[PDB]
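Down below is the structure, laid out as structure tokens.
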Amino acid sequence: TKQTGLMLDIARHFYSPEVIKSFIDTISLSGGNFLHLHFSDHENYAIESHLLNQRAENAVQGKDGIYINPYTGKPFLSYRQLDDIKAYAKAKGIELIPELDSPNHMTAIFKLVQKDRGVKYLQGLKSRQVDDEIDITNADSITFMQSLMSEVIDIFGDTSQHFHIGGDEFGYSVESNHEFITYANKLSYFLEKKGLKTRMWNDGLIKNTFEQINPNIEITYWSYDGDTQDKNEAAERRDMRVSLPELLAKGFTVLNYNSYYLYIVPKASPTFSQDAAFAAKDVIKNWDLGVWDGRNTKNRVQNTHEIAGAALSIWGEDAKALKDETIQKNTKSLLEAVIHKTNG
């Protein structure tokens with residue numbers, strides 16, 4: 001009995017409350033149970049915030065009801081809008097899982113902090129070594145993160161039993177892994193005290209250190225190797241990182257986010273709608289819950305009872321010329337397929 005749903009990247013491409021509710025309808029009617037809301041990344045922080053001072057009252061509202069931060073020029077969901085989505089989700093039995101990504105994938109947060117609190121403040125929270133990451137070793141940085149987590153927790157309230165702490169694609173130019181264990185553990189126990197379970201991307205789970213991780217942290221496992229196109233890098237990561245079966249063997253809750261079958265990156269083109277349709281059929285024909293390592297079937301899990309669930313991820317990077325509703329209508333078949341194939 002599985003945890004299954006949608007990860008929706010609203011940081012790279014914005015979606016109206018109406019369209020978000022349509023995604024919820026699909027999840028619900030297909031027998032799924034969560035919406036993982038990826039609202040914070042480099043390009044935007046897509047919800048209202050007291051702490052980052054992104055307020056509906058400060059915004060320009062479009063005819064479509066969508067609030068635009070006049071400094072960043074980017075959209076965000078108001079608290080009233082989020083309360084409307086929360087009520088709708090809750091009545092449909094769909095859990096909302098917020099994702100506040102760190103230590104990387106957080107430039108929009110930096111940019112809001114800089115504007116409101118100033119550049120010297122912001123630089124003090126950053127890694128001295130890499131300019132695109134929070135300093136996971138700085139107590140003050142941890143305190144700051146936790147203050148924003150508290151706000152996000154307050155916003156989603158009882159619609160959420162899990163909070164996603166991100167943890168993807170960080171430290172690529174540096175050695176930072178040991179301190180990541182410490183950082184992620186601190187975040188998980190802070191959430192635990194708030195009555196929340198932790199979700200996290202698999203990227204930082206390596207053989208050398210993974211046994212130090214809070215074994216209650218729940219893993220969203222997307223790729224063995226970060227989908228690197230460099231084959232020497234792919235080989236190092238596969239030797240260093242933990243596999244999905246290795247995690248299962250240690251007792252972890254793991255959801256299969258397999259980027260080969262379960263990531264879609266919508267892009268307007270003459271074949272977008274056909275391609276999306278085909279993706280659904282491809283998952284139906286060729287994907288099953290035990291297939292975790294991209295398209296590779298040699299290491300598949302035969303005992304799928306151990307795999308906690310799966311999600312379709314709709315990523316926003318390439319979707320600039322597409323409307324939210326076009327994306328939603330065209331990915332419906334694929335989202336249904338992933339949910340049904342996961343639940344059986």
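Chain labels A, B, ... are given in the sequence in which chains occur in the structure tokens; within each chain residues are numbered consecutively from 1, and ligands are likewise numbered from 1 in the order shown.
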Contact residues around residue 245 (chain A) with only C-alpha atoms at 9 Å, ignoring same-chain residues under 6 positions, as a ChimeraX atom specification: /A:299-301
Would you export the selected residues with N, CA and C atoms as a short mmCIF file (atom, residue, chain, number, x, y, z; two decimals), in the first residue's frame, please?
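Final output, selection39.cif:
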```cif
data_model
loop_
_atom_site.label_atom_id
_atom_site.label_comp_id
_atom_site.auth_asym_id
_atom_site.auth_seq_id
_atom_site.Cartn_x
_atom_site.Cartn_y
_atom_site.Cartn_z
N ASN A 299 19.51 -4.85 -12.45
CA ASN A 299 19.53 -4.70 -10.98
C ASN A 299 18.15 -4.42 -10.39
N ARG A 300 17.11 -4.73 -11.15
CA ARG A 300 15.77 -4.40 -10.75
C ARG A 300 15.40 -5.12 -9.47
N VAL A 301 14.44 -4.55 -8.76
CA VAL A 301 13.97 -5.15 -7.53
C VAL A 301 12.80 -6.07 -7.88
#
```
Can you build me a table of region 226-328 of chain A residues sitting at most 12 Å from region 152-176 of chain A, with the closest atom pair per residue and its distance in Å to one decimal, using only C-alpha atoms, sorted by chain and residue number, as a tab-separated table?
```
residue	atom	partner	partner_atom	distance
A:226	CA	A:169	CA	7.3
A:227	CA	A:169	CA	10.5
A:228	CA	A:169	CA	10.7
A:233	CA	A:172	CA	10.9
A:237	CA	A:172	CA	11.3
```
For the residues in the current selection, export C-alpha atoms as a compact mmCIF listing (two decimals), in the first residue's frame.
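Result file follows (selection-v9.txt):
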```
# COMPACT_ATOMS: atom_id res chain seq x y z
CA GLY A 226 22.84 12.22 -11.08
CA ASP A 227 22.21 11.47 -14.73
CA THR A 228 25.74 12.64 -15.54
CA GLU A 233 31.84 10.39 -13.43
CA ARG A 237 29.30 7.76 -8.51
```
From the list A:91, A:46, A:262, A:52, which residue is nearest residue 286 (chain A) when using only C-alpha atoms? A:262
Which of these residues is nearest to residue 85 (chain A), using only C-alpha atoms: A:105, A:295, A:21, A:199?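 Of A:105, A:295, A:21, A:199, the one nearest residue 85 (chain A), counting only C-alpha atoms, is A:21.
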Could you give me the residues within region 270-303 of chain A that DSSP places in helix (DSSP H, G or I), as a PyMOL selection string? chain A and resi 272-286
Show me, as an MDAnalysis selection string, the residues that have an atom within 10 Å of region 58-67 of chain A when counting only C-alpha atoms, minus same-chain residues fewer than 2 positions from it. chainID A and resid 14:17 46:48 53:56 69:71 73:78 81
For the residues in the current selection, export N, CA and C atoms as a PDB file, in the first residue's frame.
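As written to disk, selection-v4.pdb reads:
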```pdb
ATOM      1  N   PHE A  14       5.329  28.408 -13.226  1.00  0.00           N
ATOM      2  CA  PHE A  14       4.281  28.638 -12.225  1.00  0.00           C
ATOM      3  C   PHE A  14       3.001  28.005 -12.673  1.00  0.00           C
ATOM      4  N   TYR A  15       2.190  27.532 -11.726  1.00  0.00           N
ATOM      5  CA  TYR A  15       0.886  26.960 -12.011  1.00  0.00           C
ATOM      6  C   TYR A  15      -0.193  27.622 -11.146  1.00  0.00           C
ATOM      7  N   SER A  16      -1.280  27.982 -11.806  1.00  0.00           N
ATOM      8  CA  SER A  16      -2.407  28.626 -11.158  1.00  0.00           C
ATOM      9  C   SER A  16      -3.035  27.711 -10.105  1.00  0.00           C
ATOM     10  N   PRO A  17      -3.625  28.275  -9.056  1.00  0.00           N
ATOM     11  CA  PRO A  17      -4.410  27.412  -8.157  1.00  0.00           C
ATOM     12  C   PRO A  17      -5.385  26.445  -8.841  1.00  0.00           C
ATOM     13  N   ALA A  46       8.342  30.319  -4.875  1.00  0.00           N
ATOM     14  CA  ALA A  46       7.030  30.545  -5.452  1.00  0.00           C
ATOM     15  C   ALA A  46       5.849  30.594  -4.468  1.00  0.00           C
ATOM     16  N   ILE A  47       6.112  30.893  -3.196  1.00  0.00           N
ATOM     17  CA  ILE A  47       5.059  31.120  -2.202  1.00  0.00           C
ATOM     18  C   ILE A  47       5.353  32.345  -1.393  1.00  0.00           C
ATOM     19  N   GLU A  48       4.303  32.864  -0.770  1.00  0.00           N
ATOM     20  CA  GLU A  48       4.398  33.990   0.098  1.00  0.00           C
ATOM     21  C   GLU A  48       5.267  33.683   1.329  1.00  0.00           C
ATOM     22  N   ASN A  53      10.158  38.323   3.242  1.00  0.00           N
ATOM     23  CA  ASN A  53       9.435  39.538   2.926  1.00  0.00           C
ATOM     24  C   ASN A  53       8.947  39.607   1.451  1.00  0.00           C
ATOM     25  N   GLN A  54       8.185  38.591   1.058  1.00  0.00           N
ATOM     26  CA  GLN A  54       7.558  38.469  -0.237  1.00  0.00           C
ATOM     27  C   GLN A  54       6.099  38.389   0.074  1.00  0.00           C
ATOM     28  N   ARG A  55       5.442  39.539   0.030  1.00  0.00           N
ATOM     29  CA  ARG A  55       4.117  39.675   0.571  1.00  0.00           C
ATOM     30  C   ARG A  55       3.120  40.039  -0.545  1.00  0.00           C
ATOM     31  N   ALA A  56       1.925  39.453  -0.436  1.00  0.00           N
ATOM     32  CA  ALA A  56       0.843  39.688  -1.408  1.00  0.00           C
ATOM     33  C   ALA A  56       0.474  41.182  -1.508  1.00  0.00           C
ATOM     34  N   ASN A  69       5.956  39.370  -7.645  1.00  0.00           N
ATOM     35  CA  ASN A  69       6.853  40.156  -6.801  1.00  0.00           C
ATOM     36  C   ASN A  69       7.482  41.253  -7.689  1.00  0.00           C
ATOM     37  N   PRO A  70       7.215  42.544  -7.421  1.00  0.00           N
ATOM     38  CA  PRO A  70       7.727  43.509  -8.385  1.00  0.00           C
ATOM     39  C   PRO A  70       9.267  43.611  -8.405  1.00  0.00           C
ATOM     40  N   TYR A  71       9.970  43.154  -7.364  1.00  0.00           N
ATOM     41  CA  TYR A  71      11.433  43.215  -7.372  1.00  0.00           C
ATOM     42  C   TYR A  71      12.041  42.094  -8.182  1.00  0.00           C
ATOM     43  N   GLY A  73      10.240  40.165 -10.198  1.00  0.00           N
ATOM     44  CA  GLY A  73       9.441  39.972 -11.397  1.00  0.00           C
ATOM     45  C   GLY A  73       8.836  38.571 -11.545  1.00  0.00           C
ATOM     46  N   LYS A  74       8.784  37.811 -10.455  1.00  0.00           N
ATOM     47  CA  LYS A  74       8.365  36.380 -10.509  1.00  0.00           C
ATOM     48  C   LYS A  74       7.105  36.170  -9.692  1.00  0.00           C
ATOM     49  N   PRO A  75       6.284  35.146 -10.042  1.00  0.00           N
ATOM     50  CA  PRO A  75       5.039  34.865  -9.338  1.00  0.00           C
ATOM     51  C   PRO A  75       5.163  34.117  -8.028  1.00  0.00           C
ATOM     52  N   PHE A  76       4.197  34.326  -7.142  1.00  0.00           N
ATOM     53  CA  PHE A  76       4.124  33.483  -5.947  1.00  0.00           C
ATOM     54  C   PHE A  76       2.694  33.279  -5.522  1.00  0.00           C
ATOM     55  N   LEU A  77       2.454  32.168  -4.838  1.00  0.00           N
ATOM     56  CA  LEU A  77       1.118  31.865  -4.302  1.00  0.00           C
ATOM     57  C   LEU A  77       0.946  32.625  -3.026  1.00  0.00           C
ATOM     58  N   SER A  78      -0.172  33.335  -2.896  1.00  0.00           N
ATOM     59  CA  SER A  78      -0.487  33.991  -1.659  1.00  0.00           C
ATOM     60  C   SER A  78      -0.884  32.961  -0.608  1.00  0.00           C
ATOM     61  N   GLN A  81      -4.461  31.876  -1.309  1.00  0.00           N
ATOM     62  CA  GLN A  81      -4.387  30.881  -2.363  1.00  0.00           C
ATOM     63  C   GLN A  81      -3.919  29.520  -1.869  1.00  0.00           C
TER      64      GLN A  81
END
```
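These are the residues of region 218-287 of chain A assigned strand (DSSP E) by DSSP from backbone coordinates: residues 218, 219, 220, 221, 254, 255, 256, 263 and 264 of chain A.
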Atoms kept (N, CA, C and O atoms) for selection, written as a PDB file, in the first residue's frame:
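Resulting contents of again.pdb:
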```pdb
ATOM      1  N   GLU A 218      13.285   9.502   4.868  1.00  0.00           N
ATOM      2  CA  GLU A 218      12.701   8.758   3.756  1.00  0.00           C
ATOM      3  C   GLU A 218      13.275   9.266   2.447  1.00  0.00           C
ATOM      4  O   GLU A 218      13.377  10.471   2.248  1.00  0.00           O
ATOM      5  N   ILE A 219      13.707   8.342   1.586  1.00  0.00           N
ATOM      6  CA  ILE A 219      14.482   8.702   0.418  1.00  0.00           C
ATOM      7  C   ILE A 219      13.647   8.737  -0.872  1.00  0.00           C
ATOM      8  O   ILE A 219      12.915   7.763  -1.184  1.00  0.00           O
ATOM      9  N   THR A 220      13.760   9.855  -1.595  1.00  0.00           N
ATOM     10  CA  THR A 220      13.242   9.980  -2.967  1.00  0.00           C
ATOM     11  C   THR A 220      14.384   9.750  -3.958  1.00  0.00           C
ATOM     12  O   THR A 220      15.213  10.635  -4.200  1.00  0.00           O
ATOM     13  N   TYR A 221      14.449   8.519  -4.483  1.00  0.00           N
ATOM     14  CA  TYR A 221      15.603   7.987  -5.229  1.00  0.00           C
ATOM     15  C   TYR A 221      15.428   8.173  -6.720  1.00  0.00           C
ATOM     16  O   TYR A 221      14.642   7.436  -7.365  1.00  0.00           O
ATOM     17  N   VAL A 254      12.115   4.004   0.893  1.00  0.00           N
ATOM     18  CA  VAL A 254      12.576   4.576  -0.349  1.00  0.00           C
ATOM     19  C   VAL A 254      11.419   4.623  -1.360  1.00  0.00           C
ATOM     20  O   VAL A 254      10.780   3.595  -1.638  1.00  0.00           O
ATOM     21  N   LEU A 255      11.227   5.801  -1.952  1.00  0.00           N
ATOM     22  CA  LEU A 255      10.317   5.991  -3.093  1.00  0.00           C
ATOM     23  C   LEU A 255      11.133   6.102  -4.365  1.00  0.00           C
ATOM     24  O   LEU A 255      12.181   6.761  -4.387  1.00  0.00           O
ATOM     25  N   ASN A 256      10.625   5.470  -5.415  1.00  0.00           N
ATOM     26  CA  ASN A 256      11.302   5.397  -6.665  1.00  0.00           C
ATOM     27  C   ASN A 256      10.885   6.582  -7.538  1.00  0.00           C
ATOM     28  O   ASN A 256       9.749   6.696  -7.953  1.00  0.00           O
ATOM     29  N   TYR A 263      10.643  11.210 -14.836  1.00  0.00           N
ATOM     30  CA  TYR A 263      10.834  12.661 -15.042  1.00  0.00           C
ATOM     31  C   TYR A 263      10.267  13.018 -16.400  1.00  0.00           C
ATOM     32  O   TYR A 263      10.500  12.303 -17.379  1.00  0.00           O
ATOM     33  N   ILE A 264       9.514  14.119 -16.434  1.00  0.00           N
ATOM     34  CA  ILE A 264       9.173  14.758 -17.694  1.00  0.00           C
ATOM     35  C   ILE A 264       9.568  16.233 -17.588  1.00  0.00           C
ATOM     36  O   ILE A 264       9.345  16.884 -16.543  1.00  0.00           O
TER      37      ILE A 264
END
```
Shortest interatomic distance to residue 13 (chain A) - which of A:267, A:92, A:281, A:120, counting only C-alpha atoms: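 Using only C-alpha atoms, residue 13 (chain A) sits closest to A:267.
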My list of candidates is A:304, A:177, A:49, A:102. Which is closest to residue 343 (chain A) when distances are computed with only C-alpha atoms?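 Selected residue with least distance to residue 343 (chain A): A:304.
With only C-alpha atoms as the atoms that count, the residue of A:44, A:141, A:4, A:296 with the shortest distance to residue 32 (chain A) is A:4.
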